[PDB]
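In what follows, a structure is listed as structure tokens, so that the remarks can point back to it.
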Amino acid sequence: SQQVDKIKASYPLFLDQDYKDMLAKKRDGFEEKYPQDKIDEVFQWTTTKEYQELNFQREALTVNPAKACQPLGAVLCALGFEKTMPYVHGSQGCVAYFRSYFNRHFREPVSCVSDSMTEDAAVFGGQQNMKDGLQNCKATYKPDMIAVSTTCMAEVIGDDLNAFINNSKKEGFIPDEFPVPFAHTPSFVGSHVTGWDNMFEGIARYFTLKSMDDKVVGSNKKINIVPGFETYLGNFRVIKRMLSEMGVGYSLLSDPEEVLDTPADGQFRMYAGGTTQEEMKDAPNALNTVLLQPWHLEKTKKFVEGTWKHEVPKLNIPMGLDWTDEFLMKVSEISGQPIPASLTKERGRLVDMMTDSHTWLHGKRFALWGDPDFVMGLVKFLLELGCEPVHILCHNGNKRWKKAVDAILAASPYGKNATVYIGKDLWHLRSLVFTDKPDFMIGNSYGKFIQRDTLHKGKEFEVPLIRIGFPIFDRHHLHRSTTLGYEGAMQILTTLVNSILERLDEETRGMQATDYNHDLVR
Amino acid sequence: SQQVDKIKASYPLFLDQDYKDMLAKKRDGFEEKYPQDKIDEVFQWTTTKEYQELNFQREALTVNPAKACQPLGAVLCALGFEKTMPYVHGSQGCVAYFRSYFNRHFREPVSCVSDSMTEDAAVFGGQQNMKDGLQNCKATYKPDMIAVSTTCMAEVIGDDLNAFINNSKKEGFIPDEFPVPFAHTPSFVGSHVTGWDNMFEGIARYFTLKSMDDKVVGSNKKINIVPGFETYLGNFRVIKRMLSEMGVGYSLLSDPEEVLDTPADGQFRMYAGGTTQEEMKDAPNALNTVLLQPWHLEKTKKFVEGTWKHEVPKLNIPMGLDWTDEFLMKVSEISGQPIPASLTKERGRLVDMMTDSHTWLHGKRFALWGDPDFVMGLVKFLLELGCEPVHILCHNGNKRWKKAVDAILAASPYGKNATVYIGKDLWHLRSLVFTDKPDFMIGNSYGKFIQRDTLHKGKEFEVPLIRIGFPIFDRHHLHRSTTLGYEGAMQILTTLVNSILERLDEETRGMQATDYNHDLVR
Amino acid sequence: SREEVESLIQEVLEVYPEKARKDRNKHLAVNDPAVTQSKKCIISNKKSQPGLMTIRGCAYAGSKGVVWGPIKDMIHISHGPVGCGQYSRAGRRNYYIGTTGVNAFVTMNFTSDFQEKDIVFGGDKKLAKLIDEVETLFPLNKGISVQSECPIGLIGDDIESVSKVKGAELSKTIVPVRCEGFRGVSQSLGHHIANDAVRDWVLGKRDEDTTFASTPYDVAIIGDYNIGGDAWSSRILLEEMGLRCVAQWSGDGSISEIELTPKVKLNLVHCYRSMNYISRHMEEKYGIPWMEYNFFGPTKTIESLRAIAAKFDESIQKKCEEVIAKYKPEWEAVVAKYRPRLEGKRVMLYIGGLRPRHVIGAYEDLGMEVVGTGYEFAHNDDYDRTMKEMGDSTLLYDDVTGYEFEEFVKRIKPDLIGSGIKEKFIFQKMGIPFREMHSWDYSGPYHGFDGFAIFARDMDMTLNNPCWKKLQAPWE
Amino acid sequence: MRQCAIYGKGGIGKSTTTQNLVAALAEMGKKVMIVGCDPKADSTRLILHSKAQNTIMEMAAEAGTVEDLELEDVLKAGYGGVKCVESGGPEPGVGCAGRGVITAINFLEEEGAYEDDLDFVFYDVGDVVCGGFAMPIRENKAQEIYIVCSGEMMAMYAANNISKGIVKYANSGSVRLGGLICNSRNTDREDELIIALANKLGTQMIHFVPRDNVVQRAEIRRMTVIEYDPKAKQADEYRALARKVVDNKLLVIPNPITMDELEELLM
Ligand SMILES: Nc1ncnc2c1ncn2[C@@H]1O[C@H](COP(=O)(O)OP(=O)(O)OP(=O)(O)O)[C@@H](O)[C@H]1O
Ligand code: CFM
Ligand code: CLF
Ligand code: SF4
Ligand SMILES: [Ca+2]
Ligand SMILES: [Ca+2]
Ligand SMILES: [Mg+2]
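Sequence lines, in order, name chains P, Y, F and E. Numbering-wise (UniProt numbering), the first sequence opens with residue 2 and increments by one. Numbering-wise (UniProt numbering), the second sequence opens with residue 2 and increments by one. Numbering-wise (UniProt numbering), the third sequence opens with residue 5 and increments by one. Residues 3 to 127, 129 to 270 in UniProt numbering are what the fourth sequence spells out, letter by letter.
What follows is the structure, given as structure tokens:
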């Protein structure tokens, strides 16, 4: 029942004895459910080392990924270029998912469209939807640019996007000069991060391949900045702020920041900010191109170094302390501008928080996961703070990557007790945290369940989940923080020391039991 | 016992059965402790409505304040003026506490000195120590200025700081031109916030009173900004950023920011940043002075309006959404500069987070406390978000204040279920969260115990503590965040929605019990 | 409000190049409370025009999304690449009871993770090893539904055969469900494909088994996915009316519960578009009458509470009334509290194939008048049930597109609007109160009596929340 | 470096006619490569000497992923320094061959199989069934297409049918039908009849290839006619086809004809 002035929702309502009764009668009645005994048993089982080997001997089934397909990573890339339209060649449900997904994370408008390829499409190929779709979309939402993407649907049938696009042009559906970059984005290959590469590079070329002859290396004396798949706006902003406060000329190729954060003031804005084509067009003239996350921008580098002839820096993702000074130092080597006293202070302010927080963080064993650049980044900074990165999982990582990381771990004494994991899904990490238990986990909302499962075993075995990465659906407005450079590192640190401090407060908040260690100050 | 590779500290160690045994023998053996029965009883008692009336009928004993003395608020004011020395006339242990305290919060160095007034001081007054002390300190730590304060000891014995200072000058201990402002700071009167007024105004005079004859109102066309007792550096920075990005001239009179955040890079800095005397000297030539927290800067206003002849604005602390547009609008009214499109965006971005997070925050009943401006601020913004500010306590508040807050509550319907409390200490609020239970508390680390006490009663009665204010000892680096204006409001909000979301995730993570409402996305 | 919608429509549809122009102009028409078919007034269930910002899903969203996913004691394998699965892990809020990972596997996501090679060489060979790896890593799994994606439909794999072999081998039911994205216009085919998929591998198994006792009251709730608990919020009333709730299709469902539907005396169907197909085979093959009901708000639930009653004996009927009397004071109380706030306030909706017509009654009771609706995958028979539930000038859309919807919203100027996540934000930026309808915006049950309570409260916290008045900055 | 894709109705003579054309082209001292874009995997069997070597897709299967393969593993030199690679594929009635063609081509290009060596690159394309088997003719793949045909009503329907599909990639791209290559099945008036179709098409009949059983002697012996019997009659013929291709400058946009005009020709 429900009483007016104290309305019980999802949680208190089914707890009421009246409802519990119901569910019991349903369960004992028509569910033919196993007895808790064996349920507890099978659980008790999965949480063991015996189950783990079984688990890992796995080769065809996958339970709970840490990855997504390429089309999703393409769409985010496109959102970055000013007034462009994420256009996905193929089915419409995907675009419906790609959208719904990016919504729950950023909690703002996600525009994207699709040629809706029906059954006939697979059979006859998809020429008219591409032809019309380019027209309809371009006519309805009035983009300045449309960047074509594709689902498995188009990949298998092997629709030539290129040809398909050009016919539509010649056939008279869209102004021949209308920018319409493309890339084949095989959802069944690589991952979402890969899409971003293919999608980006596609555009890097559309504006430069033909006009390569008249561009000089370092004509505008600026520094190109290639993001890659990045979902924390705080990071886009922070990287722009530093270069900017350095008096460094730069050009951020693919910048989501305005569009994924259009103010709620009464006017809806399908587009905002973004990288100008004229800007992407003029890219070659820069001094050099920088790739923030190079481990999923491997095809970009091939182009930039190859067609633009840029002497691309061997830099790591700007995370933690060291990698950041290295990032700035190199920018300093290139733009010509000094590392501002401003930035140097910031650095020292970060090292201050480290010396100041070092006690609590020292020795904390973690399990963590995410994209190849992120994890390689996070892990690093974890060694800097002096934590043991026990279990490091990266579902979309590769061999050359894994090795690179191991080595980063071979360097510090805090890392020699950690193992890397690639091509292994979440369900594997569920085991890792049971057989060799962490302190905490550092991942997305999906790690909410590995957390729960550890608690069912025992409060003493529960592994709290610190949410850094993507997605993050069970929390609000985290997408606005930063994980790159000094700024974003001030936060990572606080998030943990206070993540630890909180647990200690909970483990010790028992009256006349654990409260003696309830220090007022820590 | 302790095993080398798994050293158990304070909390795990005494949990060991070997230690539990010990404590039991101590207890049953020489403590002559009451039987848990009556202990549980007396507790059960205190947690009642019967005990509450008894509690509130209280009129001589005080249990766990929400204020500090004046000298502490003076010292912080001083830290603000460039190269000055918080100088406290009186006992030496006072400053030893003033320091230790400001450490635990900011967790950086806190320099302050004292004329160690020994017993003889009380008996013969305190002339030499003031004389010498001014010399020694000025000679050792080499200030540019020393702002004298006073512990209980000088107040009663009524040492005239003024005279005492001038003798030392004439008597030749310190350069007659050496800046040495002063202010009697009766710890037994008002509160710490009050000290900040007396201390500030003191200085506002030292550099103006005599020179009033040649200054013109609005000669430099700038806007004075008097912060008041503020301990979140993020707030000093954010207020400077806005005016600054408006192209508005200003002068932050009393600016701790650099000094309370000196980079650890190998060089210790007793001083940094701060407001220049030449700046404080020129103050009157501004267009107008703004007081960010009028409720403890009442003596400043009297001076500024009186001596400087400034038409001081009737603004409230810039907190939440409405009180910020009002702050900016008025600044726009004065400076001449318009509200930048930049700031307007920011605003809309905040309203976006509100519409986006409104569901979770709607209706959440809170209990809160802090300084008069803070609470008046926070409360306000809580109504904006649509939460019921049930119990509002302010230990150092007054009548004119209380009834200004009530009225702010009379306006919104979400405020018709809340009561104000002034001159009431924490131990009173321990009762209020028991008789009429919140959702959460919003205060300092001292509210860590009201939290614990609610849990001992029942997990379903526990009131989680959200730490906003001062002190904050059980956590690290929060001092860097912001609570003023849009920026600092983006945070307040996230900190609650996610404070709520977290609890819902804890209340609901019981497998096959409450985990059904464990939505992946919220 | 007469020939304006027409001046509205023909203006919104003005921008559409003639290929799409003729088409869309037929998906949105003015509602005459009187027609009983739309072959004359409006058209639904046709192909979507390219690059137009549709919200429509695919056949998969129908099979792994709405129908199968919801079976807690089974493990639904998202056969195909690694994107579909992950995107819908815990997307739908169909609640359930159990030990996830051990006994239940719904908030979980199993995928065959197709790689480059799997596509080239095709892969039932992988699907099989994968159907094994479950039986061994998840013993309490009580059957396996293999939801196909697009690749499988092109490559041409016999996921139908393997499921017979592995399963005939592992002595466990395995449903070779075909839900290829490239199939059908909307998600609709997914349902029809699911329904049938069920009468074939699951439903027809307990046929020569009579160790069960049909009571003149036994029934099953079909088409209540239990979003938020709506299935429990309704299974409570029926049972409190004396009927015996035996099954529940998709929503804390049991594979066995689905297998006992053939033995019941009546099939109660809330969601017509999803299980309408099956309910007919349910009645031809087995001969079990079914009916449509509506548990949104007082007047609807109250009403329905009696319709299901009359299909039985007077006995249950007097008992029914007792239930209605019981909640009468509670729901009356709600209205007295909230109708005052919602009165007059108009609302605009957009959903799938049920709520568009089924929530209006819940509104009537609160005094919010609905001035616009639409479906994304319903058919004429679904609109056949709408025209009546609506007013006269009312504008209706079917697979409405960004431009189409957004301009109506901009013009009709609603106080409150209800649609999905993809849309939740577009209007929350135009300062128009938005309340998710699909996921109930993560809010409590709306079906039944207890549900109505939360609903009447959820429209109030959003619609009248303080946020809205703070949109345009003072200086402007 | 030119890239020509050779098409046709299977079972008319794509592989021999190509492997013999490049054998000849090798003879002329050219740097040539043969990409085998066919599931059968016999596009190189005559230049390398065996049933077939390790193909891309088959090979990439062993390494788990194609990105794990190395050009070194699929690319093998053969006769006259001719490089060869196979696309690979599944077996009759399973998987997707049209994909392999894509996967294999993307791989070669991706791994820079093109960048530093060749004069000619020949894609031996199987059945033009779907999207994938058109891969050899997009931008940056092949610019010249040489459809192979005969004097059979169905051999031409195909020559016609194929070129039709080409206009799709020819209009939007730069790929062009260079000409038809006739392997006389020794049908009557087969000679000019083809020349007829090459005209109603808008191309030329590059050259006419005899029916000389020296091709089976070479085929069954695991080698090309040019290495088998250098002076044999059809050894030179295949040399002529090579010389004509090298010097060919005629590349047009096909003009399909209709069944009616088609059967008219024969009739
Ligand atoms: N010059 C020729 N005269 C007569 N028959 C020939 C000649 N050249 C090849 N053949 C015969 O053609 C048959 C197939 O030849 P080839 O290998 O060219 O096949 P194909 O159709 O191109 O292969 P695929 O279509 O499978 O790629 C063999 O039986 C072969 O003996
Ligand atoms: S949009 Fe129901 S025909 Fe289907 S997921 Fe929702 S209005 Fe669906 S009632 Fe239903 S439980 Fe749903 S809300 Fe028929 S199941 S394809 Mo999106
Ligand atoms: S209709 Fe292939 S991996 Fe899955 S989201 Fe696609 S790009 Fe990515 Fe429906 S069955 Fe699935 S969501 Fe067919 S493919 Fe879309
Ligand atoms: S016809 Fe082509 S794209 Fe289709 S399954 Fe066969 S090889 Fe693949
Ligand atoms: Ca938003
Ligand atoms: Ca510090
Ligand atoms: Mg061949």
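Where is the CB? At the ideal position from N, CA and C, for every residue including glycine.
In the structure shown, what three-state DSSP assignment does residue i receive?
i, result
"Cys-388 (chain Y)", "coil"
"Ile-340 (chain Y)", "coil"
"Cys-183 (chain F)", "coil"
"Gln-5 (chain E)", "strand"
"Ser-192 (chain Y)", "coil"
"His-311 (chain P)", "coil"
"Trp-72 (chain F)", "coil"
"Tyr-272 (chain P)", "coil"
Given a cut-off of 8 Å, decide if residue j and residue i are closer than it, judged by their beta-carbon atoms.
i, j, result
"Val-9 (chain F)", "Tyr-407 (chain F)", "no"
"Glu-153 (chain F)", "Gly-84 (chain F)", "yes"
"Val-338 (chain F)", "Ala-457 (chain F)", "yes"
"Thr-483 (chain Y)", "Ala-477 (chain F)", "no"
"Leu-494 (chain Y)", "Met-355 (chain Y)", "yes"
"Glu-312 (chain Y)", "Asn-286 (chain Y)", "no"
I want to verify the contact list: residues of chain E whose CB lies under 9 Å from the CB of residue i, in sequence order.
i, result
"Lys-170 (chain F)", "In chain order: nothing, as chain E lies at least about 17 Å away."
The beta strand (DSSP E) that contains residue i, what's its start and end?
i, result
"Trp-253 (chain F)", "248-253"
"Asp-116 (chain Y)", "114-117"
"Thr-377 (chain F)", "374-379"
"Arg-366 (chain Y)", "366-370"
"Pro-87 (chain Y)", "85-91"
Between which two residues does the alpha helix (DSSP H) carrying residue i extend?
i, result
"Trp-402 (chain Y)", "400-412"
"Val-327 (chain F)", "318-346"
"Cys-133 (chain E)", "Looking at the DSSP string, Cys-133 (chain E) is not in any alpha helix (DSSP H), and its letter there is neither H nor E."
"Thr-20 (chain E)", "16-29"
Identify the contact partners of residue i in chain P, using a Cβ-Cβ distance below 7 Å as the criterion.
i, result
"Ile-104 (chain E)", "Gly-159"
"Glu-142 (chain E)", "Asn-163"
Residue i touches chain E at which residues, Cβ-Cβ below 8 Å?
i, result
"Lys-133 (chain F)", "The contacting residues do not exist; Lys-133 (chain F) stays about 15 Å from chain E at best."
Anything in chain Y within Cβ reach of residue i, meaning under 7 Å, just list it in chain order.
i, result
"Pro-264 (chain P)", "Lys-346, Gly-349, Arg-350 and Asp-353"
What residues of chain Y sit near residue i, judged by a beta carbon separation below 9 Å?
i, result
"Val-249 (chain P)", "Those do not exist, as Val-249 (chain P) stays about 20 Å from chain Y at its closest Cβ, beyond 9 Å."
What residues from chain E crowd round residue i, counting only those whose CB sits closer than 7 Å?
i, result
"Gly-126 (chain F)", "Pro-92, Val-96, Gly-97 and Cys-98"
I want to verify the contact list: residues of chain F whose CB lies under 8 Å from the CB of residue i, in sequence order.
i, result
"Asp-326 (chain Y)", "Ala-477, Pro-478 and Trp-479"
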